[PDB]
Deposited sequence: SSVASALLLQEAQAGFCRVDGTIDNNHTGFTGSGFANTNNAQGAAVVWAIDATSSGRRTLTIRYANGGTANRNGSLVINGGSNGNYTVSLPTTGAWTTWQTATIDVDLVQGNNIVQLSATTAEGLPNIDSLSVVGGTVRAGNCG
């Protein structure tokens, strides 16, 4: 019972940048393309019926040469790091995976750029562990 969160669907809260569709290979209607600024984020919300460990999978494209690593923070601060190396092209997508603890109830998940390049393009977030559904943005 994984939860797959796409742009333009319940549980997708914000991108500092735009939702774009001009590179092939994404899923849903697009992908998030952040501003080129550190701290630029993609934000989702997840409701968990019980606290407990989840595995998050972030599908992403990085057509630049440099890593564009992310800070992943839950409820404005768990604080995690996500490594986001080059995928070799803006049309090649890979996944980065990270285990986190979610609390029972609402979990605002922010993935933010650690560098001035912003994040790679972010296609989707997948969440596995217990019962999780779209949360409340805000």
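Of the deposited sequence, the ranges 1-4, 82-83 have no C-alpha coordinates according to the record.
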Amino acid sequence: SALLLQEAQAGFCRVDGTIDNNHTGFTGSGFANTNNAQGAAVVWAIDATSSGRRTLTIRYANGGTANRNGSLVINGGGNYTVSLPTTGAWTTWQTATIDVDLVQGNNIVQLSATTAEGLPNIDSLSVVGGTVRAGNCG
From here on, numbers count along this sequence of modelled residues.
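Judged by mean Cα B factor in the deposited record, 68-76 ranks above the other of 55-63 and 68-76.
Once the C-alpha B-factors are averaged per stretch, 9-17 and 126-134 rank with 126-134 first. Note on the listed residues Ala48, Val109, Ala32, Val100: the highest Cα temperature factor in the record is that of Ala48. Compared with the other modelled residues of the chain, the Cα B-factor recorded for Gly105 ranks in the highest third.
Residue-level temperature factors show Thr81 in the middle third of its chain, judged at the C-alpha atom. In the PDB entry, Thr95 places in the highest third of its chain by CA B-factor.
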